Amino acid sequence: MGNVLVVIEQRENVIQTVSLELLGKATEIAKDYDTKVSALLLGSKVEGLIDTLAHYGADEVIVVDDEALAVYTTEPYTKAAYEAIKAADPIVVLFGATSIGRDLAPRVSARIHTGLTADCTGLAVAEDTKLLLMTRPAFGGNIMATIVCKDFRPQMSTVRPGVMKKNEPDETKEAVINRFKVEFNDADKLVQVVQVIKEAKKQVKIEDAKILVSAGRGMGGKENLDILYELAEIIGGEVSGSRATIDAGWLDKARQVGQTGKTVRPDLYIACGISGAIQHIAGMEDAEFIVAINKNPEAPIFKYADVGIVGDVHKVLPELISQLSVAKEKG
(Lines of atoms letter the chains of each structure in order from A and count residues from 1; the text may use other names and numbers.)
(Lines give C-alpha, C1' and ligand atoms only; values in the text may rest on other atoms or scores of the structure.)
Protein backbone atom coordinates (compact mmCIF):
# COMPACT_ATOMS: atom_id res chain seq x y z
CA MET A 1 0.00 0.00 0.00
CA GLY A 2 0.87 3.69 0.45
CA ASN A 3 0.77 5.64 3.65
CA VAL A 4 -1.18 8.60 5.06
CA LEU A 5 1.15 11.58 5.18
CA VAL A 6 0.58 14.79 7.12
CA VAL A 7 2.73 17.77 6.26
CA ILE A 8 3.68 19.42 9.53
CA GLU A 9 3.89 23.17 10.13
CA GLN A 10 6.33 24.74 12.61
CA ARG A 11 6.87 28.40 13.43
CA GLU A 12 10.09 29.35 15.21
CA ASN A 13 10.55 25.70 16.23
CA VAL A 14 7.07 25.05 17.64
CA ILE A 15 4.61 22.68 16.01
CA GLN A 16 1.32 24.28 15.06
CA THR A 17 -1.66 22.60 16.72
CA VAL A 18 -3.51 22.01 13.47
CA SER A 19 -0.70 19.61 12.60
CA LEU A 20 -1.41 17.47 15.66
CA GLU A 21 -5.13 17.53 14.85
CA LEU A 22 -4.32 16.46 11.36
CA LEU A 23 -2.39 13.48 12.70
CA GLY A 24 -5.57 12.79 14.57
CA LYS A 25 -7.67 12.45 11.39
CA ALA A 26 -4.67 10.75 9.74
CA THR A 27 -4.77 7.74 12.08
CA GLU A 28 -8.47 7.36 11.23
CA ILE A 29 -8.00 7.53 7.45
CA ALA A 30 -5.02 5.21 7.69
CA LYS A 31 -6.89 2.73 9.86
CA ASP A 32 -9.68 2.69 7.29
CA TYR A 33 -7.09 1.74 4.63
CA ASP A 34 -5.01 -0.77 6.70
CA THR A 35 -1.90 1.37 6.41
CA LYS A 36 0.17 3.39 8.95
CA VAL A 37 0.73 7.19 9.41
CA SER A 38 3.66 9.43 8.38
CA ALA A 39 4.79 12.92 9.34
CA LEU A 40 6.74 15.35 7.16
CA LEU A 41 8.82 17.64 9.38
CA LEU A 42 10.46 20.68 7.72
CA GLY A 43 12.77 23.21 9.33
CA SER A 44 16.31 24.28 10.13
CA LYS A 45 17.18 22.91 13.54
CA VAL A 46 13.98 21.01 13.98
CA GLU A 47 15.49 18.27 16.15
CA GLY A 48 13.23 17.15 19.00
CA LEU A 49 9.92 18.25 17.51
CA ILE A 50 10.29 14.65 16.28
CA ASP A 51 9.50 12.93 19.57
CA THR A 52 6.42 15.13 19.89
CA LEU A 53 5.11 13.91 16.53
CA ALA A 54 5.69 10.33 17.61
CA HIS A 55 3.59 10.90 20.71
CA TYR A 56 0.71 12.39 18.69
CA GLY A 57 0.27 9.34 16.41
CA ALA A 58 3.08 9.51 13.84
CA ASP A 59 4.61 6.12 12.87
CA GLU A 60 7.27 7.46 10.44
CA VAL A 61 8.77 10.93 10.83
CA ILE A 62 10.30 12.19 7.59
CA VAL A 63 12.89 14.82 8.62
CA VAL A 64 14.53 17.51 6.47
CA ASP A 65 16.99 19.65 8.47
CA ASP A 66 18.48 22.47 6.47
CA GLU A 67 19.21 26.12 6.93
CA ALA A 68 17.42 26.76 3.64
CA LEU A 69 14.25 25.78 5.49
CA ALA A 70 15.22 28.06 8.36
CA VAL A 71 12.68 30.66 7.27
CA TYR A 72 9.64 29.85 5.15
CA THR A 73 10.01 30.78 1.51
CA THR A 74 7.66 29.04 -0.92
CA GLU A 75 10.05 27.18 -3.23
CA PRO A 76 12.53 25.49 -0.86
CA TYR A 77 9.48 24.10 0.96
CA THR A 78 7.74 23.02 -2.26
CA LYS A 79 10.82 21.28 -3.66
CA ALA A 80 11.45 19.53 -0.38
CA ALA A 81 7.89 18.26 0.08
CA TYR A 82 7.67 17.14 -3.58
CA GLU A 83 10.85 15.11 -3.24
CA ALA A 84 9.71 13.62 0.10
CA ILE A 85 6.10 12.85 -0.83
CA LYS A 86 7.03 11.48 -4.24
CA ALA A 87 9.48 9.28 -2.37
CA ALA A 88 7.02 7.94 0.23
CA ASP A 89 4.11 7.49 -2.25
CA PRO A 90 1.18 8.31 0.06
CA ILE A 91 -2.44 7.42 -0.58
CA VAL A 92 -3.33 10.69 1.11
CA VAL A 93 -1.53 13.94 1.97
CA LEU A 94 -2.92 16.53 4.38
CA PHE A 95 -1.69 20.06 4.95
CA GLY A 96 -3.07 22.54 7.46
CA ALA A 97 -5.09 25.24 5.64
CA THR A 98 -3.00 28.24 6.91
CA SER A 99 -1.04 30.95 5.06
CA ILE A 100 1.72 28.41 4.65
CA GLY A 101 -0.55 25.50 3.92
CA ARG A 102 -2.71 27.28 1.31
CA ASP A 103 0.48 28.57 -0.41
CA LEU A 104 2.59 25.38 -0.30
CA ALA A 105 0.02 22.65 -1.15
CA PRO A 106 -1.36 24.04 -4.45
CA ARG A 107 2.22 24.34 -5.73
CA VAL A 108 3.10 20.80 -4.59
CA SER A 109 0.00 19.11 -6.04
CA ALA A 110 0.69 20.89 -9.34
CA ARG A 111 4.29 19.65 -9.56
CA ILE A 112 3.05 16.11 -8.75
CA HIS A 113 0.11 16.48 -11.15
CA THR A 114 -2.56 15.17 -8.76
CA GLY A 115 -5.67 16.86 -7.29
CA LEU A 116 -6.13 19.21 -4.30
CA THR A 117 -9.16 20.21 -2.19
CA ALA A 118 -8.83 23.42 -0.19
CA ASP A 119 -10.12 24.49 3.27
CA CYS A 120 -11.73 21.23 4.11
CA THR A 121 -13.98 20.53 7.04
CA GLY A 122 -14.65 16.81 6.64
CA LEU A 123 -12.82 13.67 5.46
CA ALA A 124 -13.74 10.01 5.20
CA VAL A 125 -13.14 7.12 2.90
CA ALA A 126 -16.22 5.67 1.24
CA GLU A 127 -17.22 2.05 1.87
CA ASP A 128 -17.54 1.35 -1.81
CA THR A 129 -14.78 2.75 -3.99
CA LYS A 130 -12.65 3.53 -0.92
CA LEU A 131 -12.00 7.09 -2.19
CA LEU A 132 -11.38 9.91 0.21
CA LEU A 133 -14.61 11.95 0.38
CA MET A 134 -13.28 15.46 1.09
CA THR A 135 -16.01 17.94 2.03
CA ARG A 136 -15.41 21.67 1.92
CA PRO A 137 -17.59 24.69 2.15
CA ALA A 138 -17.81 26.93 -0.92
CA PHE A 139 -19.53 29.88 -2.46
CA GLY A 140 -18.93 32.22 0.45
CA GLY A 141 -19.89 29.38 2.75
CA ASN A 142 -23.48 29.00 1.56
CA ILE A 143 -22.59 25.65 -0.13
CA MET A 144 -21.14 22.38 1.08
CA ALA A 145 -19.60 20.21 -1.61
CA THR A 146 -17.89 16.87 -1.47
CA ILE A 147 -15.01 16.35 -3.88
CA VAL A 148 -13.06 13.19 -4.75
CA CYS A 149 -9.86 12.61 -6.66
CA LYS A 150 -10.95 9.65 -8.82
CA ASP A 151 -7.71 8.55 -10.50
CA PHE A 152 -4.63 10.54 -9.52
CA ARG A 153 -2.72 9.73 -6.27
CA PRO A 154 -1.86 11.15 -3.65
CA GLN A 155 -5.33 12.42 -2.67
CA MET A 156 -4.49 15.88 -1.39
CA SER A 157 -6.22 18.36 0.85
CA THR A 158 -5.66 21.48 2.93
CA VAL A 159 -7.81 21.12 6.08
CA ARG A 160 -9.34 23.81 8.26
CA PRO A 161 -7.60 24.47 11.59
CA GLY A 162 -9.72 23.72 14.69
CA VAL A 163 -12.01 21.15 13.03
CA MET A 164 -10.20 17.79 13.30
CA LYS A 165 -9.62 16.33 16.73
CA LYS A 166 -6.17 15.35 18.08
CA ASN A 167 -4.98 12.02 19.43
CA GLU A 168 -4.30 11.33 23.10
CA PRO A 169 -0.55 12.03 23.58
CA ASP A 170 1.23 8.69 24.23
CA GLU A 171 4.62 9.26 25.80
CA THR A 172 5.70 5.64 25.33
CA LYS A 173 5.50 5.41 21.54
CA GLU A 174 8.53 6.38 19.54
CA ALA A 175 8.39 6.44 15.75
CA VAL A 176 10.81 5.79 12.85
CA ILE A 177 12.96 8.74 11.85
CA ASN A 178 13.53 9.04 8.10
CA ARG A 179 16.24 11.69 7.88
CA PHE A 180 15.52 12.66 4.27
CA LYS A 181 18.30 14.55 2.50
CA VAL A 182 17.46 17.32 0.04
CA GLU A 183 19.72 19.58 -2.04
CA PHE A 184 18.74 23.27 -2.53
CA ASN A 185 20.33 25.35 -5.25
CA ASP A 186 20.08 28.71 -7.00
CA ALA A 187 16.98 28.15 -9.20
CA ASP A 188 15.13 27.52 -5.91
CA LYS A 189 16.42 30.35 -3.73
CA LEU A 190 15.00 32.90 -6.14
CA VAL A 191 12.83 34.60 -3.49
CA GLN A 192 15.07 36.34 -0.94
CA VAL A 193 13.91 37.33 2.51
CA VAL A 194 15.13 40.86 3.31
CA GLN A 195 13.50 41.25 6.73
CA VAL A 196 11.27 39.24 9.03
CA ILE A 197 9.30 41.95 10.94
CA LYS A 198 6.53 41.05 13.38
CA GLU A 199 3.98 43.74 14.03
CA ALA A 200 0.76 43.72 16.07
CA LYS A 201 -2.77 42.40 15.34
CA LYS A 202 -4.10 45.60 13.61
CA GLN A 203 -7.36 46.91 15.11
CA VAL A 204 -10.32 46.67 12.72
CA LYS A 205 -13.65 48.38 12.19
CA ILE A 206 -16.70 46.76 13.73
CA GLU A 207 -18.42 46.38 10.38
CA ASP A 208 -15.46 44.14 9.36
CA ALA A 209 -14.97 42.52 12.80
CA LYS A 210 -15.18 38.73 13.14
CA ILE A 211 -16.48 38.55 16.71
CA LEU A 212 -18.40 41.28 18.48
CA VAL A 213 -18.81 41.55 22.23
CA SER A 214 -21.55 44.16 22.47
CA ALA A 215 -22.30 46.47 25.41
CA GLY A 216 -25.85 47.24 26.48
CA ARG A 217 -27.48 49.53 28.97
CA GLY A 218 -27.18 46.54 31.33
CA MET A 219 -23.43 47.02 32.02
CA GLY A 220 -24.08 50.18 33.99
CA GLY A 221 -20.93 52.26 33.49
CA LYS A 222 -17.91 53.11 31.32
CA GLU A 223 -15.24 51.31 33.33
CA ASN A 224 -17.63 48.38 33.59
CA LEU A 225 -16.87 47.86 29.90
CA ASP A 226 -13.27 46.94 30.69
CA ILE A 227 -14.47 43.41 31.52
CA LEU A 228 -15.83 43.27 27.93
CA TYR A 229 -12.59 44.59 26.36
CA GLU A 230 -10.85 41.95 28.47
CA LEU A 231 -13.02 39.22 26.94
CA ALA A 232 -12.76 40.90 23.56
CA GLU A 233 -9.03 40.30 23.83
CA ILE A 234 -9.38 36.59 24.54
CA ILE A 235 -11.53 35.99 21.42
CA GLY A 236 -10.02 38.65 19.10
CA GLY A 237 -13.27 40.38 18.15
CA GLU A 238 -14.04 44.02 19.00
CA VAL A 239 -16.62 45.61 21.28
CA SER A 240 -19.66 47.31 19.87
CA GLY A 241 -22.74 48.54 21.58
CA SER A 242 -26.26 49.85 21.63
CA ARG A 243 -27.12 53.49 21.09
CA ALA A 244 -27.76 53.43 24.82
CA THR A 245 -24.09 53.04 25.63
CA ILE A 246 -22.94 55.53 23.00
CA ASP A 247 -25.43 58.17 24.15
CA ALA A 248 -24.29 57.71 27.76
CA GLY A 249 -20.70 58.55 26.69
CA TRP A 250 -19.18 55.04 26.88
CA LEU A 251 -18.20 54.43 23.21
CA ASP A 252 -17.59 56.24 19.88
CA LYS A 253 -20.48 56.41 17.46
CA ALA A 254 -18.26 54.18 15.39
CA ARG A 255 -19.27 51.30 17.70
CA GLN A 256 -23.04 51.84 17.48
CA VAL A 257 -25.01 48.97 15.99
CA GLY A 258 -28.43 49.29 14.36
CA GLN A 259 -30.82 51.25 12.17
CA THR A 260 -28.85 54.50 12.65
CA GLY A 261 -25.46 53.06 13.54
CA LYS A 262 -23.67 50.24 11.71
CA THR A 263 -25.18 47.05 10.29
CA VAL A 264 -22.92 44.15 11.18
CA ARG A 265 -22.99 40.50 10.10
CA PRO A 266 -20.14 38.84 12.02
CA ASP A 267 -19.66 35.19 12.91
CA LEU A 268 -20.39 35.71 16.59
CA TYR A 269 -22.40 38.35 18.46
CA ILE A 270 -22.52 38.47 22.24
CA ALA A 271 -25.19 40.83 23.57
CA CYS A 272 -24.25 41.88 27.07
CA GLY A 273 -27.18 43.53 28.71
CA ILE A 274 -29.08 44.56 25.59
CA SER A 275 -32.88 44.54 25.58
CA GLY A 276 -33.01 44.61 21.82
CA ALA A 277 -35.34 47.13 20.33
CA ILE A 278 -35.93 46.82 16.56
CA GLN A 279 -33.68 49.92 16.21
CA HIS A 280 -30.91 47.66 17.44
CA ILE A 281 -31.96 44.22 16.16
CA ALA A 282 -32.26 45.25 12.54
CA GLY A 283 -28.53 46.15 12.86
CA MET A 284 -27.28 42.63 13.70
CA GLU A 285 -30.16 40.18 13.12
CA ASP A 286 -28.12 38.60 10.35
CA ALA A 287 -25.24 37.34 12.41
CA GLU A 288 -24.20 33.74 12.08
CA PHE A 289 -24.35 33.06 15.80
CA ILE A 290 -25.90 35.23 18.53
CA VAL A 291 -25.46 34.75 22.31
CA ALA A 292 -27.26 37.01 24.72
CA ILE A 293 -27.01 37.63 28.46
CA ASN A 294 -29.82 39.45 30.29
CA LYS A 295 -31.45 39.46 33.71
CA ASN A 296 -34.94 39.61 32.13
CA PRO A 297 -36.10 36.34 30.54
CA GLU A 298 -38.83 38.40 28.89
CA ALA A 299 -36.20 40.52 27.09
CA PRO A 300 -37.07 40.55 23.37
CA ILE A 301 -33.46 39.92 22.43
CA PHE A 302 -33.79 36.28 23.57
CA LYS A 303 -36.38 36.10 20.78
CA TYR A 304 -33.33 36.24 18.44
CA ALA A 305 -30.56 34.43 20.36
CA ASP A 306 -29.24 31.04 19.44
CA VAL A 307 -28.16 30.80 23.04
CA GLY A 308 -30.18 32.85 25.49
CA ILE A 309 -28.45 32.96 28.89
CA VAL A 310 -30.41 34.56 31.69
CA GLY A 311 -28.10 35.95 34.30
CA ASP A 312 -26.20 38.86 35.75
CA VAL A 313 -23.65 40.37 33.40
CA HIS A 314 -21.12 41.08 36.16
CA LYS A 315 -21.32 37.45 37.33
CA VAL A 316 -21.49 35.61 34.03
CA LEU A 317 -18.76 37.62 32.34
CA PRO A 318 -15.91 36.98 34.86
CA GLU A 319 -16.91 33.30 34.96
CA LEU A 320 -16.74 33.17 31.15
CA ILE A 321 -13.29 34.78 31.35
CA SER A 322 -12.04 32.29 33.97
CA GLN A 323 -13.37 29.30 32.05
CA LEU A 324 -11.80 30.46 28.79
CA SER A 325 -8.49 31.67 30.23
CA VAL A 326 -7.98 28.17 31.62
CA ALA A 327 -9.11 26.89 28.16
CA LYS A 328 -6.21 28.39 26.19
CA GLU A 329 -3.80 28.11 29.16
CA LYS A 330 -4.13 24.33 29.03
CA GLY A 331 -4.82 23.89 25.31
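When you see a residue number, it is the position in the sequence shown, counting from 1.
Exercise for review: Could you check which stretch, 305-313 or 319-327, carries the larger mean CA temperature factor in the entry?
Suggested key: Here the higher of the two C-alpha B-factor means belongs to 319-327.
Review point. Comparing 152-160 with 199-207, which has the greater mean CA B-factor as deposited?
Key: For C-alpha atoms only, the mean B-factor is higher in 199-207.
Exercise for review: Please work out which residue in 232, 81, 110, 257 has the highest C-alpha B-factor recorded for this crystal structure.
Suggested key: Reading the PDB entry, the winner on C-alpha B-factor is 232.
Exercise for review: Determine, from the deposited record, the chain-internal third of the Cα B-factor for residue 228: lowest, middle or highest.
Suggested key: Highest third, going by the recorded CA B-factors of the chain.
Exercise for review: Would you mind ranking residue 125 by its C-alpha B-factor against the rest of the chain and naming the third, lowest, middle or highest?
Suggested key: Highest third.
Review point. In terms of the CA temperature factor given in the entry, to which third of its chain does residue 23 belong: lowest, middle or highest?
Key: As the PDB entry reports it, the C-alpha B-factor of residue 23 lands in the middle third of its chain.
Review point. According to the PDB entry, is the CA B factor of residue 135 in the bottom, middle or top third of its chain, that is, lowest, middle or highest?
Key: Middle third, going by the recorded CA B-factors of the chain.
**Study point:** Within-chain third of residue 115 by Cα B-factor, per the entry
**Key:** Tercile = lowest for this residue's CA B-factor.
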